[PDB]
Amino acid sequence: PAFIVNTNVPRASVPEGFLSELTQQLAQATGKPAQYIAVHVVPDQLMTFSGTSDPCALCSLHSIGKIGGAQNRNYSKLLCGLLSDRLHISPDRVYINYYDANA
């Protein structure tokens, strides 16, 4: 699958090893080997979310299958927590859309 993150936090607030960590995390969460994963992080964006430009993140995960409700819940929790902790965004400001990359 492919995980895209669009964020208004500065490029310098992104830790060394963040793309590697996130990559390993998705590999754990999805049960897919790192070989089937792509991560794309885009910092320094001009964005408003729920009315303000406080730190936020619009993300999307694209898979070649339909994710189930339990997976959605488990992915969002894991992914929002990772993003809020490492990039310091309030959990309620990280939004994730799931797309059936082949549907």
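One rule holds for the numbers: they count along the sequence shown, beginning at 1.
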Check: Do the CA atoms of 43 to 51 or those of 68 to 76 have the higher mean B-factor in the entry?
Finding: 68 to 76
Item checked: Which of 91 to 99 and 78 to 86 has higher mean CA B factor, as the PDB entry lists it -> 78 to 86
Note to self: Based on the deposited C-alpha B factors for this chain, I'd like to know if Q28 is in the lowest, middle or highest third.
What the structure shows: highest
Check: When the modelled residues of the chain are sorted by Cα temperature factor, does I37 land in the lowest, middle or highest third?
Finding: middle
Check: How does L22 rank on Cα B-factor within its chain, lowest, middle or highest third?
Finding: middle
